[PDB]
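Below you'll find the structure, written out as structure tokens, and then a few comments.
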Amino acid sequence: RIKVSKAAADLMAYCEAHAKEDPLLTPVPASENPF
Amino acid sequence: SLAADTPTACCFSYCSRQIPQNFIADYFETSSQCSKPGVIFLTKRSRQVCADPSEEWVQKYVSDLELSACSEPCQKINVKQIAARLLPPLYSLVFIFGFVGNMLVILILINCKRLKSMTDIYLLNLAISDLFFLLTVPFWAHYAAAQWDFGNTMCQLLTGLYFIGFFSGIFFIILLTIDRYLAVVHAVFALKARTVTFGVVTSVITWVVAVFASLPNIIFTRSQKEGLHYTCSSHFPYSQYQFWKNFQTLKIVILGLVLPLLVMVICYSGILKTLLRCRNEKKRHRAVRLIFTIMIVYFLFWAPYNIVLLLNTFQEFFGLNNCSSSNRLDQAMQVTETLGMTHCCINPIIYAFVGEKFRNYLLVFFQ
Amino acid sequence: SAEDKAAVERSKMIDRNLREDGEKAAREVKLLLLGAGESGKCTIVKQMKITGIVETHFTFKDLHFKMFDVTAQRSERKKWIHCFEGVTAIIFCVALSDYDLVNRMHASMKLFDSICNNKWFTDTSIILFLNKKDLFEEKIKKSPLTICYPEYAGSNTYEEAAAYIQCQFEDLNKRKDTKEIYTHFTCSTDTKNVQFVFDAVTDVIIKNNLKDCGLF
Amino acid sequence: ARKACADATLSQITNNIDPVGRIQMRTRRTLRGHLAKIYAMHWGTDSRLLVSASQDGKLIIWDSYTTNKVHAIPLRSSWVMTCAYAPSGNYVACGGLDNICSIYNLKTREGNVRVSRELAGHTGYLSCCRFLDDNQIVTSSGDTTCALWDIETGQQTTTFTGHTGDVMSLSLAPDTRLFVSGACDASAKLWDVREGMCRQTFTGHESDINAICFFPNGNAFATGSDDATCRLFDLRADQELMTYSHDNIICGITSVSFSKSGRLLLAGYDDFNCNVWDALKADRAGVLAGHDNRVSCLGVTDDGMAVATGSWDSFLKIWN
């Protein structure tokens, strides 16, 4: 078992490290959007 | 019988003597509303002369005058200036009401209903017919108060659209009645009979029958100059004019108070007979009340129109050759055609909006 | 774009077949079965026409009926009762003899009340069937009805007991105007029992068609 | 102890991050053709072909790029509420109330799609199913049980039991080694496909659970309940990190899915719309609306390009 603080830190770190590869968060242009 | 197509003048007395050609300046053809076929020669003065096309000399003059480019007919100008009193607001409010209703019905069928039933196809086709009617309505409202500002082919296509919408709506009412009959009396048979493809087939056949009935009115209608103002109306050839006239006033009448009324009293009768199996007073009473409302509304809004048409055609019977009586009859024809316009514009609210499933779709589309 | 055209035409083929299958499903009638102890409806199944859901197909009077018996679903009923939304009618089978056995009649009544007063089956009707009538006569003229119902119809005879049971089963339908219950007692001849089902299905189709056209 | 490992609430920890803010998704493609209510769906790794389950007895493969139907399979059981699309794209699993899990081969000669295998023996109905591999496949039965099957064998390779309430959903981790299962007993339990037993149990709900989904990182997972709440649990922390609950929504939840980066958590509710919340800040970010009936199925592509939402109104649409 680990602390809830370290778990939240890992979660937010995984979010911020993958925030670039977020087509939902980042509005891609029509040329970069198949849909 | 388009916008009552009230002619400027219908005269009932011919000449027994010869009129010189130099006194013939302009020619005008009498509309189909006249008791007898005739041609009006406008002289150098405002005074006009009448002639029957059955003559041999009148053909010579009516040809010579158009190659270049007696009694007085009772001018139907009072009919127009009383029509100019309150035709336009009535026509306009009927048009806007029917237009908003039919667009509501069509958008509802497109969005919520998605045309799942054959009743939906029939309702969409009836709404399209009413829309075609209401597209022509204001164009005739603009002609009631002022001269015709369009050409021969334009008023011909407008007559085509008007009569197509009228006949198609009349036939689609019968189609909806037959669908209700098959759903109430032969429900287990309607499960295999009511299909969307059969609905589209019957709708196409109804459209082609409507246009086939309209074509006699399209070819026998044209626009001509009556003095300063223009007018587009139906002018049948003098060889069989009355006959064609009869045919015209027969067709609508055959489709006005005979065929749809018999279809109704045959279908809704069995519907009410089967309604005894419902065993729900609140529902049975409401259904019988709605059926009676449809019947009485159709009567009150179509019987005077066919009655006035029969009055105007058969003038020998119940003689009304007096031009004052002719003015009263033309005003009656105008108000009865406007009543038929009210009927066609309120048929959407009486065939669709009365249903609860339709009101639910409407309120869902609203929000 | 040959591949794109081929894909579009294949989608058109699939949509045409799907519309045909939907027309087939709309033409046929889908019925539902429910019961406290046994929802198999042995009275209807005994007809010569005839794994969790039992599907029974039979055509009668130029009308095909599909019946779904739900008895092997021991899970929570509310979790899968929403799947059957849109059926023609629900045929609820209650054993008349199962009135003194133990709570079973009370369980059937509570199940009927929970099923009829459900937000997913408000428009659907209920074709209630009362099984075991000949044995119900023996049970009612040998044992009193006070065991199940305190009132017991007063007279405590077969006709009065059956009438009181029917009125009590109809009492659970809070949606009187919205939902109509067709109550019937099963007969020895299966043809009358299927004729009642056909009449109830015809009435339900009448209601549906009148709601479609706008009369109701 | 469980309470001993508790430091604070997640919001007090993440109050330093920048908020995502208001996000609005527009409807790109709307898929129509199902003549019944749609219940479940699944996405593919290629983010081009998806599966959908409907009560019309027919399952059609949707081409999300061109809005077309690739394959059509008639079903002998019209009462279906679960479906799974294999990552390899060769098998499609379909369940329902028939207690039978039917596998259909997508890639066959002459376009002849036939049942690859029929998995029977389930006391209860099929509530959820996902593909471990092309041959290993897990399903949730209605008898509070999960079953891991082999295709070419047809026997129960593994059986997971221990739930007191009816099992409604399962979720597979990205590493495809351990999974989670949510049942009606307000419990989310972890299982391993190799060990074959419950490793950890997560509670903290008052009503039945019918939705669950792993975090893209694999160390956390959110659970969907019917009392308008979504709780996030961690596999290593053994702690309830965060809870979604709002006053405007009181209806139940049908599906829960995470995005590519995981920063946005999507959940289909019974209020005829779906809600997209912020993963850390525990606040609402978007309300996807446009479904006539309740949003039944929710899916997000593996690359997170777009999100497919399908409702009981025979309508499933793509948002991006």
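Values quoted throughout were computed directly from the atomic coordinates according to the rules given, and no laboratory measurement underlies them. No Cβ is skipped: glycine too gets one built from the backbone with ideal geometry, and neighbour counts run over all protein chains shown.
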The condition from (1) under 30 Å from B:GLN367 (Cα atoms); (2) within 14 Å of another protein chain (Cβ to nearest Cβ) that D:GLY204 misses is numbered (1)
Residues of segment D:78-125 being within 14 Å of chain C (Cβ to nearest Cβ), in contact with a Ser or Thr (Cβ under 9 Å, 6 or more places away or on another chain) and of a type in the set (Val, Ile, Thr), in sequence order, are D:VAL80, D:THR82, D:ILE100, D:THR123
For segment D:61-84 the number of residues that are surrounded by 24 or more Cβ atoms within 10 Å (Cβ to Cβ) and assigned to a strand (DSSP E or B) is 3
Suppose the filter is farther than 19 Å from A:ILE2 by Cα and of a type in the set (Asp, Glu); does D:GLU206 pass it? yes
Taking segment C:170-198 and keeping residues farther than 12 Å from C:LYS46 by Cβ, buried (at least 18 other Cβ atoms within 10 Å of the Cβ) and hydroxyl-bearing (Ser, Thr, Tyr) leaves C:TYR182, C:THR183
Of B:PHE236, B:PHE220, B:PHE212, the only residue that is farther than 24 Å from B:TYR351 by Cα and loosely packed, with under 14 Cβ neighbours inside 10 Å is B:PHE212
- Message: Would you confirm whether or not segment B:271-281 contains a residue that is away from every other protein chain (no Cβ under 14 Å), part of a loop (DSSP other than H, G, I, E, B) and either at positive phi or within 20 Å of the chain's Cα centre (by Cα) (or both)?
- Response: no
For D:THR139, the lone unmet condition from (1) within 14 Å of another protein chain (Cβ to nearest Cβ); (2) more than 19 Å from D:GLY44 (Cα to Cα) is (2)
Exercise. Would you mind stating whether D:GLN24 is among the polar types (S, T, N, Q), away from chain C (no Cβ under 14 Å) and within 26 Å of A:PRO34 (Cβ to Cβ)?
Key: yes
Looking across segment D:239-255 at residues that are closer than 15 Å to D:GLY286 by Cβ and surrounded by 19 or more Cβ atoms within 10 Å (Cβ to Cβ), the single one that is nearest to the other protein chains (Cβ to nearest Cβ) is D:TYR244
In segment D:259-305, anything hydroxyl-bearing (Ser, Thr, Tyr) and either within 13 Å of another protein chain (Cβ to nearest Cβ) or surrounded by fewer than 20 Cβ atoms within 10 Å (Cβ to Cβ) (or both) is listed as D:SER259, D:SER261, D:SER296, D:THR301
Considering only strands (runs of 3 or more DSSP E) wholly within segment C:1-119, the ones with at least 1 residues that are within 14 Å of another protein chain (Cβ to nearest Cβ) and in contact with a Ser or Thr (Cβ under 6 Å, 6 or more places away or on another chain) are C:29-34, C:64-70, C:89-95
Residue hits (segment C:53-71; within 18 Å of C:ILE91 (Cα to Cα) and either over 16 Å from the mean Cα position of the chain (by Cα) or hydrophobic (A, V, I, L, M, F, W, C) (or both)) are C:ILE53, C:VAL54, C:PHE58, C:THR59, C:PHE60, C:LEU63, C:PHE65, C:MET67, C:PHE68, C:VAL70
The number of residues in segment D:147-176 that are buried (at least 17 other Cβ atoms within 10 Å of the Cβ) and within 14 Å of chain C (Cβ to nearest Cβ) is 6
*asked:* Would you confirm whether or not segment B:226-236 contains a residue that is farther than 30 Å from C:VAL201 by Cα and either touching a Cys at 6+ places or on another chain (Cβ under 6 Å) or at the interface with chain C (Cβ under 10 Å from one of its Cβ atoms) (or both)?
replied: yes
Subset of segment D:207-238, residues farther than 24 Å from D:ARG130 by Cβ and either away from every other protein chain (no Cβ under 13 Å) or out of contact with any helix residue (DSSP H, G or I) (no Cβ under 6 Å at 6 or more places or on another chain) (or both), comes to D:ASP227, D:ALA228, D:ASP238
Checked B:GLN315, B:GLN334 against criteria (part of a helix (DSSP H, G or I), out of contact with any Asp or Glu (no Cβ under 9 Å at 6 or more places or on another chain) and of a type in the set (S, T, N, Q)); the one match is B:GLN334
